[PDB]
Structure formats: C-alpha cells, structure tokens
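One chain follows as structure tokens, the form solved without this ligand.
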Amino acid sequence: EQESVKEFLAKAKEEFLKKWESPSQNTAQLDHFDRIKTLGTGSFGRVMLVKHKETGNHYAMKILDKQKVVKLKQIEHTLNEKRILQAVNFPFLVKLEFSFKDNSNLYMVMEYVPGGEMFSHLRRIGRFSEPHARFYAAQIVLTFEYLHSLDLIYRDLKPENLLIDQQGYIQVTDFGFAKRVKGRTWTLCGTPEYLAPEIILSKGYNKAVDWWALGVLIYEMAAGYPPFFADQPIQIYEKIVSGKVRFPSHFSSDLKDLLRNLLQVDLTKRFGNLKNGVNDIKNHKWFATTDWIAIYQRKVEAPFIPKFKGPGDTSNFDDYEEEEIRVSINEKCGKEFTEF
C-alpha cells in the first residue's frame, strides 16, 4: 500500500517533468469556437463558455488580455499557470485541452465543469455536514500530496477556486500563484482569510502553508464561515497570528483535534509538515472512514450532485454583461509571451 503510493508518485513525476521541459503550444484557434456565455470576469481576462464548432463539445475558455497582463505585472504568473496546466495529470485538476494566442489575447481551453464553484453551493446551503466536508477534504489532501510531490506549492486554496463536476467531485482550475519550489519562498500572496501566519509575518515559508489553508477550508466548509474574519484584511491578519480560534458547538471532537493540528501556528508542529508528512493527516481519526484509494478512483458516491440540465447549462454560474472580444490588427506584447 505504501510502496504503491511511492511508485505512483514516481511515475507521476517522470511524466510531469517530461511535459514541463517540452510544453505544448498553439493547439487550436479562435474561429474553431462559438461563444455562448461569460462565466467569469477579472481585471485582465474573462472565462467563457464556448462550443467547439467541429465536435459540438462545450469547453471553458480563459481569455487573457496581453496588454492588461503586462500592465498588472502578471506575465510570469500567466506563463507559469499555462506551463503547469499542460504538465499535470490528476483526477481533481482541471484538464487543459487547447491553448493558443493571437494579436491581443492568450487562450486556455479547458474541460467545462458545469456544477460551478463550491463557494456558491456552500453559501446557498449554509454549511456542509462533516461527512460532506470530509468527502471534499479527502480530495484536497490527495491533490496536495500529488502537487507537493512535484515540489509545487499551491497557495490559493479557497471554495471560490474549487469547481464541482457532474459526479460531485472537485476540480481545481487556477494555478497563477503556484510555484515549483523545493525549499522556501517569500512572496506575499494568497487570500487573506486563507493566509498562513508565516506568510503574514514575512517569513520564508514552505509547502506547510497549503496544509494550514486546508485547515481553513475544512473549518469553512463545516461551519459555513472561516475561522478568522473581520472588516478589513489587516484585522484578519491579527486574528490569524494570534493562534486563537473558536469552534461551533456542533463540531465533533475529532474535527476539532484535526483542525488544531492543521491550524497550528508553530510550523514545526503542523500536520503535513512533520516526519510522517501527509500520513499524519490521512491516518487521523476524523478520516478513519475515508477509503483513500476509492476517493482517488472516484468510486465513492458523492453526497451532493449539482443540478445538471444539459452539456452547456450555465445555471450554476453568475450572470455578466457580455462584452466584445476584440482582436487588434497589431500584434501586442509578442516578445513577453513568446513561450506561451
């Protein structure tokens, strides 16, 4: 069982490194697709539902405005995300199908996940039962075991970044802030509620920050709100570093003990960062009923299946004003994005 995980991760690393060293490029073009709907909008891009003309398949298409990417200093993060997405392979990571660029934009075409974000379902239902939360948590544990074995720190875990697919399983999608680093790194980044204290305190930090963020996610899924909140981020940071946290009275004793070890300010003591590594988490009493292989194989019956009315249904996404997708007559920012 243990040697099986070792052998799996070794093969996974060999495959990842081959694709990392020789990324794919320019595997489709814009007029292969019809636009259906804007699913999301950000400061330098949008995510669209599109239909592939030849096949009729639906996909999500992330469209990034190269000039806005440069303006907002996102060149390296954008190239990094695409390089990671074309190299990884894991059941809970969204699949990149095509990428290409034109005079104005960068395009990443991914499997469409019609269930939408965990965030929306969590806010709607209020909170998840502990079995429901544990089902999702197990998928994140396995995903971080995979990513960390590739020396990738994820750094932006939150319900907003987790999609729910038609079988009720999670898909991670966005990797701009991920970093392939084996030792320490120093960048201040992430989302305030999910920041580990060592990031806030300007320390050199490591993959343990992802296990802290798992603790925040488990707490938020099971309570309906995160462990540390306040009006403004500066105020959230003081609570995080304090190393004080309260639990709803309905939290089980096992859940509280797990969260005390994940939400551990002393990264010399935090679960996931000790000699037994991820196994301190997998073998914890809260996960006693978890069949780790069956989760990986997606054989476990999901506790929740999103409403699904067709291959291009968008009902689980917010509505946005549809804006033009302009492609300039002039090539923009060619040198910056030559590797894309």
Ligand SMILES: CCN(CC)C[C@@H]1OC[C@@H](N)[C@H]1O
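By rigid core we mean the largest C-alpha set that fits within 1.5 Å across both forms. Position 1 is the first residue in the sequence shown; the rest follow in order.
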Open item on the list: Going by the mean C-alpha B-factor recorded in the entry, which is higher: 286-294 or 57-65?
Closed with: 286-294
Task: Higher-B stretch (mean Cα B-factor, as the entry records it), 96-104 or 246-254 - done: 246-254
Task: Selection by C-alpha B-factor (highest) of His77, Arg123, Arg155, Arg260 - done: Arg260
Task: Residue with highest C-alpha B-factor in the PDB entry, from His132, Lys179, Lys269, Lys207 - done: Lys269
- [ ] Sort the modelled residues of this chain by their C-alpha B factor and say whether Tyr237 lands in the lowest, middle or highest third.
- [x] highest
TODO: Going by the recorded CA B-factors, say which third of the chain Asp165 sits in, lowest, middle or highest.
DONE: lowest
TODO: Quick one: classify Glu111 as lowest, middle or highest third of the chain based on its Cα B-factor.
DONE: lowest
- [ ] Report the third (lowest, middle or highest) to which the CA temperature factor of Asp174 belongs, ranking only the modelled residues of the same chain.
- [x] middle
- [ ] Determine, from the deposited record, the chain-internal third of the Cα B-factor for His148: lowest, middle or highest.
- [x] lowest
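What comes next is about the form solved in complex with this ligand, which does not appear here.
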TODO: Using heavy atoms only and a 4.5 Å cut-off, determine which of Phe177, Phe98, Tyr237, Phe247 is in contact with this ligand in the entry with it bound.
DONE: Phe177
TODO: Report whether the minimum heavy atom distance between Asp156 and this ligand in the entry with it bound is within 4.5 Å.
DONE: yes
Open item on the list: So, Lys256 and this ligand: in the entry with it bound, are they within 4.5 Å at any heavy atom pair?
Closed with: no
Open item on the list: Although the partner isn't part of this model, could you tell me whether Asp210 comes within 4.5 Å of this ligand in the entry with it bound, counting any heavy atom of the residue?
Closed with: no
Open item on the list: Whether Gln74 contacts this ligand in the entry with it bound should be assessed with a 4.5 Å heavy atom distance threshold; does it?
Closed with: yes
TODO: Would you mind checking 75-91 for residues with a heavy atom within 4.5 Å of this ligand in the entry with it bound?
DONE: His77, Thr78, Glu81
Open item on the list: Please name the one residue from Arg123, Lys71, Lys244, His250 with a C-alpha displacement of 2 Å or more between this form and the one not shown, using the rigid core for the superposition.
Closed with: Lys71
Task: Note on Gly40-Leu72 C-alpha separation in the entry with it bound, which departs from the shown form by 3 angstroms or more - done: farther
Open item on the list: Flagged pair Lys73/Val209: C-alpha distance shifts by 3 angstroms or more in the entry with it bound. Which direction, closer or farther?
Closed with: closer
